[PDB]
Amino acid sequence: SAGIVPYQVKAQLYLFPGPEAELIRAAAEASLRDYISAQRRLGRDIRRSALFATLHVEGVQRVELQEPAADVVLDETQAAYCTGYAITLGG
């Protein structure tokens, strides 16, 4: 099999309309980048449920998560690598 498993995170955040909206999105992105780094360091699977939790910073009413469409499960010889992310407002 391939040794590196690629994944992307594509999500839309739905917020209440207000001036903090762009900031909340940046907070969600920072939280995500922290998650990406942590999972890389700990070599863990990428779970949709954890990504929802990661993106649900304060002010986020719902998260629509397009990618990854399914969990990223690694076999014993694989490592996961995030090939990019796109966190936008729904909203």
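Residue positions are given as counts along the sequence shown, with the first one as 1.
Sort the chain's modelled residues by C-alpha temperature factor and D34 lands in the middle third, per the entry. Among all modelled residues in this chain, the alpha-carbon of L42 has a temperature factor (C-alpha) in the highest third. Ranked within its chain, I24 lands in the middle third, by CA B factor from the PDB record.
Sorting the modelled residues of the chain by their CA temperature factor places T88 in the middle third.
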